[PDB]
Amino acid sequence: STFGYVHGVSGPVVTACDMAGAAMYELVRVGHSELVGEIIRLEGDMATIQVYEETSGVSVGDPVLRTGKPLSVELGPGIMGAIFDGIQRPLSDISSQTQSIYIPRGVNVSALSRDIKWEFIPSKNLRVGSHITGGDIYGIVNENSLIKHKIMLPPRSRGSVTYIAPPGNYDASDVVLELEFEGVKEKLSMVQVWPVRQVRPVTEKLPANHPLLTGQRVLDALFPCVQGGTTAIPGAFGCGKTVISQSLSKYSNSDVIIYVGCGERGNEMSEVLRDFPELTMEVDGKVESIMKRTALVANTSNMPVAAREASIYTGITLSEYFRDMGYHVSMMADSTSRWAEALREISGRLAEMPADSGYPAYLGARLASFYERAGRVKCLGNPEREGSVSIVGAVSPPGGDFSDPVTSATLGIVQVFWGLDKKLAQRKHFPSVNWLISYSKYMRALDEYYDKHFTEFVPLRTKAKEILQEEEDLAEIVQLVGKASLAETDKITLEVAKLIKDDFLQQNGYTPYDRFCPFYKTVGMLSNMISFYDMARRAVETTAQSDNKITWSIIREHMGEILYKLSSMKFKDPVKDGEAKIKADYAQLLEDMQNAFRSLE
Amino acid sequence: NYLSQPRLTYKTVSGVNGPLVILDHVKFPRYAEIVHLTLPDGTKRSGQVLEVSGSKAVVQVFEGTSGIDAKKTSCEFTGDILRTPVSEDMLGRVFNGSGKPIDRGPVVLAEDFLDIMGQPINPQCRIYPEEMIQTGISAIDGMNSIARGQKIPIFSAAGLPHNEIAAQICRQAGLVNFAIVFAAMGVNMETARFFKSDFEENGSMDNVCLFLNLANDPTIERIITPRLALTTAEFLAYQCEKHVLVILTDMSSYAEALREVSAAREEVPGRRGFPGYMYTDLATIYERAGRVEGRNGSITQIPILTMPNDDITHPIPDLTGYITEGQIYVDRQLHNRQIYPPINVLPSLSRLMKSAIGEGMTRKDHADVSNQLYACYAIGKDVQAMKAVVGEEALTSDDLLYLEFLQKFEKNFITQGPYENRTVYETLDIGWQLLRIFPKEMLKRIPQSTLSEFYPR
């Protein structure tokens, strides 16, 4: 039988009997109200259940129903536009069906609707008797205008097709494929189920190559991320985190977005769930909602602690499911510190040894196993394809102390740090990225991509980072030397560093021409700024030895029009100017500055 | 003789908690025996007997306890402790952290089955290591010389180039060929690719054995991974007479897995929550190195460490330095200055250097030049620390000599680039050139008979 009975209750811990043959970390339903919990010990016919919800009013001799599964996700059509908690409860259906502002104890709405009918097309050259393997696409559901929801055979399933449905409209409970292996059948609907803590398998796991574009000049130029990459951001109040989330959501070369709240303040979660449905992007010359390619996992700080800890495992398992369709998925975790605190509470409730700063002994192993699921892959199964998951994960060091075990482990693992900074945000400098602390390690991997597609960019990035370092090195010296007595080469460095800092690194995302700065615009601007730097340096160095030498004042007096045209480059607009027009204008400034410097040489 | 009597199988699992499964009604339990578990879904897992008492045996399961149950799970007891099949075919193979192949080749045909735990070598039968290896890295060869048969770990931290240094050492090691046995615990796929790529790019791969446990693989494999690797090095060295270099990649992943295992048994904690016996445990790995009487072969160990928050007083680098014959120290402050290799000589040591160098071994000056370079570098650091308080105008010309030596030492002696392969003699003469800056009466580690022979060149 699937029923055992409650022997004893003490806090969230339930102990149940007749539980013989129940398995470690299975989920159960406890009591007449069917509270969820998981099995944490076995002893004889008894089990100990860690109940997730409130055990108040549970009684001895209550039923316990065993579910044959560990913690697992329903994966199938109806994920796009969904709101889930950390254990996949559909928060927007629970509200609609209950007509209540609360979440009931023991609510049991299924994660995906078994009510809606989905428009299904088979693979058209599959036939009865075909040989089929895990990851094989056997149909498509036309879920919305953006996502073809590819129906795939589960991993660990295989055989000979005994039946496949004709085209039509089906429930998530209708069997659409049947197959046989060793004379044993399997019947399959559109929805599969997968354990959150098991990595979804792939044919091969591949080096990351192509950039993830954000549309931001800083980020995309100075500190690039690859598709399949791993990134951290400092998650703190004044720093302006929303530019990352909105750039990824609206403008990135992702196909799909997964957003995870780990344990946020009630009112902070409400702003994300307010703003995300209202965002839009333009596709084939038509405006589309962001929620056609997006799903949200949401957890306020009073949701069950097991949901707070499961939250990132639900979000990555949902991401790995769309990777397997051959899409590129971006994942955002709202703070991984709020997850590590739930991990500390659970291990504290279990009375585990307090290791480092009260965190469990496995904290670093859990974070390494999480970020290890990022990457480009060659998918399982027959239609040859590649996909990827990229992780961005915020982290919240106490008072900026990076020696914190969670922050230290995170920055020990991730390959990019986008150091958003309150001290820059207070200057109205946007985006707030600290270009002295921020870094990317993917530059040896991206080399052969830039080399092929842009070619001149790698030298330009190198000189730009040097100018932005020399202007830090000069920042003390200028206070002693009094600006005027400085070398003309170094006055050129200071005031081209000002040009880069004010007109290249700043990008006002509310202005129509700079919402999204494409990479040809981004290299075009930097090419001209560094060309002017080289020419200004050459004009001084040609004459400084004994002539009536060139000075940075002479250059500003002789070329102030060109120096204004350079500050004017950011206003060029891909909505109204063609790529060829922007290229022609930036080439014309390069002719004009050559004619101006040749009139001084 | 062979185990000719048949194996017992049991459904008598009486309880499950943490990584531990507890059988009862077991016929004459054997401590440290291996057990094979078949789960209800037909998945196989393995575990080892961690305790016995009457009819009960306690098993730790290497792949974890998730999905095990008290009724359908079945355990087969092998009659024996953990042994690994070993042959000279294992060079040019890739294995996972439990010794199963991952290169699409076959399983090993054993030349023998060896106990994974090894066996302590008698101190009477040890030969003291005295043949210097030239790594060609000047910061190692000139100031921390490595004898063939030493234990000398690389103490590093997250983001530093300890992979690249360890690859350069494997690429350049020779006497003034090695077989390589390489173990990885808890590595990311880009680290696993880097080594496998470099060994194939240098053509060396037909003479390398790899054991890989990656960051997503089971944690409890990590505590047998270095014992599989060192058992392979002991066959190759002490039966097939080869010279073996053993690389153990991130021992901090081994120590973290050991803490996680021990925390579940509630054994007495030491500092920072590590097991009270961690010194002994690490010593059973690091003492599996050296030369022995009457056999040509040798094992050299170069374990790689990540220091948590760069703290050398943390139990992992601390208890390792108490056992190993020195350390090479990779410094974040040199790495941030774009120097390669980032080897800061002051926290670094080699103990076996003292007898592997000098007349007949290398050159007569080597023991004097090395000690004077340490003295001038320590004093140069003290003057640079004084300058930060009082400013340059306070410094006497004698302070400015040490502060000029400091700049030239880090550019000429330390900095090298990834494929440069200096002789010991280049390293020694690059040594004398920096020492030549100082008027000879300042060179107070060096006796008159050395100064009057080598300084005037």
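Residues numbered from 1 in each chain as written, not as in the entry; some residues may be left out. Chains lettered and ligands numbered in written order. Part of a larger assembly, values for the part shown. Heavy atoms only, no water.

As stated in the entry header, the method of structure determination is cryo-EM and the reported resolution is 3.3 Å.

## Examining the overall build of chain A
Spelled out, the test is: Helix and strand definitions follow DSSP, with helices as H or I runs of at least four residues and strands as E runs of at least two, each counted in order from the N terminus. Burial classification: accessible surface area is computed with a 1.4 Å probe over protein chains only, and a residue below 20% of its type maximum counts as buried, one above 50% as exposed, and the rest as partly exposed. The criterion used for residue contact is that any of the two residues' heavy atoms lie within 4.5 Å. Every accessible area reported is derived by Shrake-Rupley at a probe size of 1.4 Å, with residue values counting cover from the shown protein chains alone. This count recognises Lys and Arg as positive and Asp and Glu as negative, with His and chain-terminal groups excluded. We put the charge of a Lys on NZ, of an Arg on CZ, of an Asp on CG and of a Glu on CD.
The helix and strand inventory of chain A stands at 15 helices and 30 strands. Across the 601 residues that make up chain A, the buried fraction comes to 52%. Contacts in chain A between residues far apart in sequence, at least 24 positions, make up 70% of those at least 6 positions apart. Taken as a whole, chain A presents about 26600 Å² of accessible surface, with 51% of it coming from carbon and sulfur. Treating the 64 positive side-chain charges of chain A as one cloud and the 75 negative ones as another, the clouds have centres 2 Å apart.

## A few points about the interface of chain B and chain A
Applicable threshold: Think of a salt bridge as a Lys or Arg side-chain nitrogen and an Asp or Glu carboxyl oxygen that are within 4 Å of each other. For this classification, the nonpolar set comprises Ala, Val, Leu, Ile, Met, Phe, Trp, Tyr, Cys and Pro, the charged set comprises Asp, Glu, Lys and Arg, and every other residue, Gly included, is treated as polar.
Across the boundary between the two partners, chain B contributes 26 residues, which contact 28 residues of chain A. Measuring nitrogen to oxygen at the nearest pair gives 2.8 Å for the salt bridge that ties A:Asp356 to B:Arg259. At the level of secondary structure, the elements contributing two or more residues to the side of chain B that touches chain A comprise β2 (13-17), α3 (189-201) and α5 (251-265) of chain B. Taken together, the residues of the side of chain B that touches chain A sort by class into seven nonpolar, eleven polar and eight charged.

## A closer look at the packing of aromatic side chains
Stated precisely, the cut-off is as follows: Two rings from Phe, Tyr or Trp (for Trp, the six-membered ring) form a pair when their centres are within 6.5 Å of each other. A pair whose planes differ by under 30 degrees is stacked, one over 60 is edge-to-face, and the rest are tilted.
Inspection of the entire model under this criterion finds 29 aromatic pairs over all chains. Residues A:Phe370 and A:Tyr371 carry aromatic rings whose centres are separated by 5.1 Å and whose planes lie at 65° to one another, so their mutual orientation is edge-to-face. Accessibility assignment for this pair places A:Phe370 and A:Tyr371 in one class, buried. Through pairs of rings, three or more aromatic residues link up here, namely B:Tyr377, B:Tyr402, B:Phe405, B:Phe409, B:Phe413 and B:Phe438.

## Some words on the pairing of strand β2 (residues 13-17) of chain A
Residue and element names in this part refer to chain A. Note the threshold: Being paired, for any two strands, means DSSP has found at least two bridges between them.
Across the two faces of β2 the burial differs, with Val14 and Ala16 buried and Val13, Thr15 and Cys17 not buried at all. As paired strands, strand β1 (residues 3-10) and β2 are joined by five bridges and run antiparallel to one another. Residue pairing for β2: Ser10 is matched across the bridge by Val13. Relative to strand β5 (residues 46-51), β2 runs antiparallel, the two sharing four bridges.

## Examining the UniProt feature "binding site: ATP" in chain B
Residues and elements named next belong to chain B. Selection rule: UniProt positions are given in the numbering used here, feature names are shortened, and annotations may be inferred rather than shown by experiment.
Under the present numbering, the feature "binding site: ATP" in UniProt falls on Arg351. Among the secondary structure elements, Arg351 is positioned in the loop between β22 (349-350) and α9 (353-356). When neighbours within four sequence positions are excluded, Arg351 is seen to be in contact with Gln150, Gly321, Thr324, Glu325 and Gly326.

## Comments concerning the nonpolar core
To keep things clear, this is the line we draw: Residues enter a nonpolar core if they are buried and are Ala, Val, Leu, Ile, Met, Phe, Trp, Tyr or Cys, with the set joined through side-chain atoms within 4.5 Å. By convention here, the domain bounds are inherited from an automatic or database domain assignment.
By size, the foremost hydrophobic cluster in this structure holds 73 residues, and its most contacted members are A:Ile500, A:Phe504, A:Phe532 and A:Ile555. Per element, the largest residue contribution to this core is twelve residues, and it comes from helix α13 (residues 519-541) of chain A. Taken domain by domain, the makeup of this core includes at least three residues from each of domain 2 (72-115 + 189-440) and domain 4 (441-601) of chain A. When near neighbours in sequence (up to four residues on either side) are disregarded, A:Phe532 contacts A:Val496, A:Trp552, A:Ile555, A:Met559, A:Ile562, A:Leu563, A:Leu566, A:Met593 and A:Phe597. Core analysis: the second largest hydrophobic core is formed by 63 residues, B:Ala184, B:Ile302, B:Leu373 and B:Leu401 among them.

## Some thoughts on the environment of A:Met80
All names here are of chain A. Looking at the secondary structure, you find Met80 in the loop between β7 (72-75) and β8 (83-84). Taking the relative accessible area as the measure of exposure, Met80 reaches 11% and is therefore buried. Note: C-alpha distance between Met80 and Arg444 (364 residues apart in sequence) is 35 Å. Ignoring any residue separated from it by four or fewer positions in sequence, one finds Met80 in contact with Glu143, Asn144, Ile147, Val256, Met291, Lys292, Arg293, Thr294, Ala295 and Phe322.

## Points about a negative patch on the surface
Here is the rule we go by: Exposure above 30% relative accessible area and the absence of a salt bridge qualify a residue for a patch, where like charges join within 9 Å and nonpolar side chains (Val, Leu, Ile, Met, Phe, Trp, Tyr) within 5 Å.
There is a patch of like negative charges on the surface, built from A:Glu466, A:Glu470, A:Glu472, A:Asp473 and A:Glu476. By the secondary structure assignment, A:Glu470 is in helix α11 (residues 457-481).

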